[PDB]
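K.L.:
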Amino acid sequence: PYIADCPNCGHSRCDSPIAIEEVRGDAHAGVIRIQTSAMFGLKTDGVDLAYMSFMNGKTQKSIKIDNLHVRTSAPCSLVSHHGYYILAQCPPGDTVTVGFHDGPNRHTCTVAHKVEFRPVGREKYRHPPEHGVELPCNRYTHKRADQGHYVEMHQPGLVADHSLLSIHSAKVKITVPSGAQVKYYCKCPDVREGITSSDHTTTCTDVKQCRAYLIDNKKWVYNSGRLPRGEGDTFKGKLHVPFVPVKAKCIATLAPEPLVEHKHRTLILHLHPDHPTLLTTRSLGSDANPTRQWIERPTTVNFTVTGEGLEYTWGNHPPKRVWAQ
Amino acid sequence: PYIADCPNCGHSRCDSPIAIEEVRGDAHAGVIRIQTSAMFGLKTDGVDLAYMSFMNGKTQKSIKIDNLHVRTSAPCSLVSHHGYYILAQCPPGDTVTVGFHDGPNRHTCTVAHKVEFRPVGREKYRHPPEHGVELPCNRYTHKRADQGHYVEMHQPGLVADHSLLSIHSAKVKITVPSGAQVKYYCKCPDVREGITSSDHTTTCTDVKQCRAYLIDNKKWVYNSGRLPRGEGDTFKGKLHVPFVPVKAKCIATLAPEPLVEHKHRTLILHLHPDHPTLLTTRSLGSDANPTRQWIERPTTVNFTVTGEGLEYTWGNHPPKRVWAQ
Amino acid sequence: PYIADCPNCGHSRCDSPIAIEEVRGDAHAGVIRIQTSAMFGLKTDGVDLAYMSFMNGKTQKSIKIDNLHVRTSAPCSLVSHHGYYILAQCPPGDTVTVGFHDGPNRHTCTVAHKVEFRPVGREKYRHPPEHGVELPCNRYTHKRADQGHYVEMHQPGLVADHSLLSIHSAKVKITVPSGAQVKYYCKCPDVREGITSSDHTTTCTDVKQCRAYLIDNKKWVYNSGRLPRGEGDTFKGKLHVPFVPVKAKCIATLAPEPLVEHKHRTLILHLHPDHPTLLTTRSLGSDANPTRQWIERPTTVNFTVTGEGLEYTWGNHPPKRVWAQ
Amino acid sequence: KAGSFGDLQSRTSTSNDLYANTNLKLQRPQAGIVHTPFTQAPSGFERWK
């Protein structure tokens, strides 16, 4: 579970494990795929997707997911998590605002991202309905058995941990997690690399002038922009994405039927939608003479139909056609 | 407590007991009257409106209301429940989104419905204030002692319950709730009606080709569109509605006073509202020459007042009048 | 912790201790400074800002802050509390809606107030981002060590408490909190001032025709409009405000860079913002010929640049300049 | 003029005296409840921004 710098972490820029990168309000189904720097899913070892492992300290905390909250302008709905990554059904929102509850603390993370949800169709809803026609939307999956893409996930760079740099009663005293690789020296001249167990520091004294580092590359990370490079190498760790964008047919929009009214080679149409509906036509002469107008306000319109025919498209309701001799 | 098919029940179309029908964002007071298919109120038997009976299984669960949530674009405020029906003060919202918390599960239900709250008045607020004039809004009651209308509530049709169709070690085995009427046969030829205690099935074997039905018409239901008809009869069960729309005087709107400025037979009016305010006038000559314009942006306007008089309507603030000789 | 009359206290006008006055959505940083009539902060006596003292009864209740909720159109984020006063990061909202949870009851308070958050800059965002330039916004502090202003806070007037007016088995019986000053008489003729311990009432009998008053001016209050005057005097109690508006440099806005395109003494500019951006220019001739237009929709624009130069202001992005010979 | 720019007009920040044409008009509180209807133009400093 990677940890990075959340931008407006409740107060201001903290370093949250759930630091939000790559917000994708690019689908249609009310859904956003998000990456936390935290890797929830199974535990550290082997069990139960519905548990929760973020970083506390240098360490993980692979425990229950109890009170996740993604949210935006309104509280979102989770869809599924896998890896670093969560899918959640959100409404539109100027921002994105994520957070669980460990239990002692709220411990959330928030971010800017322009979000919208147009459904696919000539109706510009704000939200998916219960009914209407199905038609080919873009949307992310529920599932994990997924390989359609993979993002590079090589090592972490080092990280700071000044909990290490204690004092040896006059000298600044570094320690190690588990024998991990601590990269160490101070502004003064003393040990210059640091690949060690718990060292002391002969020369410097102040904690604030030393290299508290953790080369702990036993587990790779996501290659966040808010990661410091592991300077050594491009280690392996090519790793999939679960939530591929797929060609789901969203349960989708439909605009109320029109009121057809006859006139001489002319369609008066008293019209009354639910939401802004893009109407358009095609006078089937080799003179096309089409028309487009989003209609949200109910409006009686007109169409000079010709002899050979016109067609009529009340939103994603199917196209009509008309003989006006 | 009826159970029907919620349309976007967290994931997708579940069958929630709180399946939302008949959303009514038709009043003014920030209020919506809703019908769940669930009948909260008293328990199964006799006590305490503030308890909570939905259907779990074929069975009720008449327990506490602890964590109801109606919500929309924002979380609503409950007003009162009675029967199948709840009143709740909501803001505007493209949708309506309802849900309690049983305790082990969220178990919510959500729906599309165009909601708005215009207050009555020439001010187009988004929300009721603390002050302003009172005037005759439309609104639903708090109370239950109500008979002003009644909706038909006859029986339920059957329902599926394949928990019944167990296996008699080689044959598919139906049982009964309490001696209820189970309507049974399979694709093969065996018992053809089913009005029985726990039967077996001589002929068919597969659970997936049999009639797991529950004619359990000891308690009527609401006549939801998401109900299957009880084919036998229009049984009795005419049943009231609590939340009648009544002629409450909402605590209501008021727009800031105008800045009256004199000119020669002309009212300059530097004007500065809180919200979009429909201003309008009536030049009291037999030439009416009225004007209408919603004003939300502060605007210095003008009015060619005549000799005999004009009147002036700063929102639902009372109408003024003016001698311009 | 003062108690006043909340306007739409869940149901309607209650008397909440957290009665909201002086909403100030006048800064830029997503923040509002609010005054509850309740004085949270330290306890009654001496400890821990993060505890919670409102009025229950005539009495305080100095306990934990556990589940505060300020909110608007969305749930806000607390920033800090001090005294009667809380700072909280909110989004825009037609209203303001505040409330904690004592534990047995929700016990909230809500109010009307027009809120917005323009960030300082020619970009009209709806929300502060993670990045962009810093520039001089107006904003309130986190802190308490604050004297930049002080509001008058003299005594409370009396308050009603008909829990006092019990019955002495035939006569209406007043009591006292702790020897506090109870101001008493009834419509009938009996004791006419009331500065006493627990009195009886010789003359009247009905609780509903007597003066249940509490002159309990051992602790001053905020001078809310929803306070009854302490008729005696302007007692002392000049008391600071914590949350002064200060000249913080908000982490602030930035609009995506323009696409500069050359023409003959003419800047075509295909342009594509994130949010509505006020663009403007100054043809540096003594003929200024400036232009202003908020741009939210991407637009290819044009500028007849002169010989001597023009300047160009893509939002709060710094001003550009151009030689068009 | 109230609503227009300079509804509040203080010589300086310290100056306790000022000119406040805000058209502040109090109205009676409603239905026997304690509060203070203050009906007022939001400032000509609110607009002007």
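Residue numbers (the UniProt record's numbering), protein chains in the order written: chain A, 338 to 662; chain B, 338 to 662; chain C, 338 to 662; chain D, 998 to 1046. From the three backbone atoms N, C-alpha and C, an ideal C-beta is built for every residue, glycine too.
#1: So which residues on chain C does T1033 (chain D) lean against when the C-beta distance must stay under 7 Å?
#2: Given a limit of 9 Å on CB to CB distance, which residues of the segment 445-470 of chain C reach chain A?
#3: How close, in whole Å, do the beta carbons of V642 (chain B) and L615 (chain B) come, if the pair is a contact with beta carbons under 8 Å?
#4: Compute the distance between the beta-carbons of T512 (chain B) and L501 (chain B), then report whether it is under 7 Å.
#5: On the DSSP bridge list, what partners appear for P473 (chain B)?
#6: Can you tell me which of the three DSSP states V513 (chain B) falls into?
#7: Judging by CA-CA distance, which residue of A:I355, A:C547, A:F640 is the nearest neighbour of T447 (chain A)?
#8: Given a threshold of 16 other Cβ atoms within 10 Å of its Cβ, counted over all protein chains shown, does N442 (chain A) qualify as buried or as exposed?
#9: Using a cut-off of 7 Å between C-beta atoms, extract the partners of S414 (chain B) located in chain C.
#10: What does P344 (chain B) reach in chain A if we use C-beta pairs closer than 7 Å?
#11: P338 (chain B) to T373 (chain B), Cα distance in whole Å?
#12: On a Cα-Cα basis, can you pick out the residue from B:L472, B:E471, B:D431 that is closest to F454 (chain A)?
#13: Determine the burial state of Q492 (chain B): buried for a count of at least 16 other Cβ atoms within 10 Å of its Cβ, exposed for fewer.
#14: Got a sec: is the Cβ-Cβ distance from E594 (chain B) to anything in chain D below 7 Å?
#15: Can you list the residues of chain A that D439 (chain B) reaches, using a CB-CB cut of under 9 Å?
#16: So with CB distances below 8 Å, who are the chain B contacts of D611 (chain A)?
#17: Quick check: the segment 640-656 of chain B against the segment 358-369 of chain C, are there 3 or more CB pairs under 8 Å?
#18: Counting only the same chain and skipping the five closest in sequence on each side, list residues whose C-beta sits under 8 Å from that of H1032 (chain D).
#19: Quick one: what's got a C-beta closer than 8 Å to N560 (chain B)'s C-beta in the same chain, skipping five residues either side?
#20: For a test of the three-state rule: what should DSSP assign to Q662 (chain C), helix, strand or coil?
#21: Over what stretch of residues does the beta strand (DSSP E) that includes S500 (chain B) continue unbroken?
#22: How long is the line joining the alpha carbons of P579 (chain C) and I423 (chain A), rounded to whole angstroms?
#23: Suppose the cutoff is 8 Å on Cβ atoms and the five residues either side in sequence are ignored; what does the same chain contact list for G644 (chain C) look like?
#24: Short check: CB of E471 (chain C) to CB of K657 (chain C), under 7 Å?
#25: Counting only Cβ pairs nearer than 7 Å, list the residues of chain C close to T432 (chain A).
#26: Decide if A482 (chain A) is buried, meaning its Cβ has at least 16 other Cβ atoms within 10 Å, or exposed.
#27: Relative to the alpha-carbon of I552 (chain B), which residue among B:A517, B:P595, B:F572 has its alpha-carbon at the smallest distance?
#28: Thinking C-alpha only, which one of B:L379, B:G440, B:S410 is nearest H419 (chain B)?
#29: Specify the secondary structure class of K398 (chain B) as computed by DSSP and reduced to three states.
#30: Counting only C-beta atoms, is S353 (chain B) closer than 7 Å to chain A at any point?
#31: Kindly indicate if chain A contains any beta-carbon less than 7 Å away from that of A425 (chain C).
#32: Specify, as a first and last residue, the run of the beta strand (DSSP E) that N560 (chain B) falls within.
#33: Assuming contact is defined by CB atoms lying nearer than 7 Å, are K401 (chain C) and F391 (chain C) in contact in what I supplied?
#34: Give the secondary structure of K545 (chain C) by DSSP, where H, G and I count as helix, E and B as strand, and everything else as coil.
#35: Can a CB atom of chain A be found closer than 7 Å to the CB of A411 (chain C)?
#36: Report the rounded CA-to-CA distance for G622 (chain A) versus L647 (chain A), giving the unit in angstroms.
P.N.:
Concretely, from the data shown:
#1: Near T1033 (chain D) (Cβ distances below 7 Å), the residues of chain C are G562.
#2: Cβ contacts with chain A come from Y462, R463, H464, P465, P466, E467, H468.
#3: No, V642 (chain B) and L615 (chain B) are not in contact; Cβ-Cβ is about 20 Å, not under 8 Å.
#4: yes
#5: B:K586
#6: coil
#7: A:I355
#8: exposed
#9: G347
#10: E467
#11: 9 Å
#12: B:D431
#13: buried
#14: yes
#15: Under the 9 Å cutoff, chain A gives no residues; its nearest Cβ is about 16 Å from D439 (chain B).
#16: Going along chain B in sequence order, the residues near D611 (chain A) (Cβ under 8 Å) are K451.
#17: no
#18: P1026
#19: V488, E489, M490, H491
#20: coil
#21: Where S500 (chain B) is concerned, there is no enclosing beta strand (DSSP E), because DSSP gives it neither an H nor an E.
#22: 41 Å
#23: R602, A661, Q662
#24: no
#25: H464
#26: Flag for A482 (chain A) reads exposed.
#27: B:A517
#28: B:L379
#29: In this structure, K398 (chain B) counts as strand in the three-state DSSP scheme.
#30: It does not; no Cβ of chain A falls within 7 Å.
#31: no
#32: That residue, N560 (chain B), is in no beta strand (DSSP E); it is neither H nor E in DSSP.
#33: no
#34: helix
#35: Output row for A411 (chain C): interface = yes.
#36: 9 Å
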